[PDB]
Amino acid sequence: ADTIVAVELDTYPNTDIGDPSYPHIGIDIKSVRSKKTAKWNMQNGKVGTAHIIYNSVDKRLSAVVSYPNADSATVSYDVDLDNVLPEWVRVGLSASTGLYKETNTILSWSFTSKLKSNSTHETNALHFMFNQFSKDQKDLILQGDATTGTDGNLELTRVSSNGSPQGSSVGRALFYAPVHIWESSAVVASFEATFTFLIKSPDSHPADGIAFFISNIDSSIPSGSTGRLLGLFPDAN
């Protein structure tokens, strides 16, 4: 199975697989059963921002999810990623709907990587930033039902013309260039990603969530991973 590390903004509580009793954010290290979660007072219809950060010095993966004129949800977890992931990988966004549905619209997404070597003045880096997505976004690998072009937006899951969310949908978007997330001769290794999203749904129960993941270069949507599996995992183990 693919090797995956995610930060999930989980909107539907699936109590049978470990989800707490409310919408929340969590750190996923190779399984959908989060290794750490925090309550998140989601706000249907309002644009929000996610901030993920990690540095090899204190070895902690941290996320913050907020809405304007409202409080933020924070989560942090100690993890030596150079002990869980391959040297090179691909980074991306994933999302889904099961029985219940929502829009998993992405307004912007930026990411930065930096490997600073032992030898002075020898850093290597990658930085991209999309504040507008085109119809044919030739630098993004779109998987599942993901599309770009709708008002310069990136729609991870399926949507009807009328603007209605669909169920049992799954879609992901991966940046085209393989990233060198870690390296042995690197003194400091770090990365950061930011995206603004807009989850909006007609139900009284939106499902299922959006997630930012780091995977292997050849990763693909697993079979039947809609709904509770966020298009990331093959099973809820």
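Numbering starts at 1 and runs along the sequence shown. Rigid core: the largest C-alpha set superposing within 1.5 Å between the two forms.
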## Note on the structure
In terms of RMS C-alpha distance in 8 other deposited structures of this protein following rigid core superposition, 128 to 136 and 96 to 104 differ, and the farther one is 96 to 104
### Task
Rigid core fitted first, then name the stretch among 26 to 34 and 199 to 207 whose C-alphas deviate most from the displayed form in 8 other deposited structures of this protein.
199 to 207
### Task
Averaging only over Cα atoms, indicate whether 207 to 215 or 64 to 72 has the higher B-factor in the PDB entry.
64 to 72
### Query
Hey, which bit's got the bigger mean C-alpha B factor in the entry, 78 to 86 or 103 to 111?
78 to 86
### Query
Which listed residue, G26, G48, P178, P202, has the largest C-alpha temperature factor in the record?
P202
### Query
Highest Cα B-factor in the PDB entry belongs to which of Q143, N131, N124, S164?
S164
### Message
Could you place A1 in the lowest, middle or highest third of its chain by Cα temperature factor, using the values in the record?
### Response
middle
#### Entry: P13 CA temperature factor, ranked by third within the chain
middle
### Query
Lowest, middle or highest third: where is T97 by C-alpha B factor in its chain?
middle
### Assigned third (lowest, middle, highest) for the C-alpha B factor of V159
highest
### Query
Is the Cα B-factor recorded for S21 in the lowest, middle or highest third of its chain?
highest
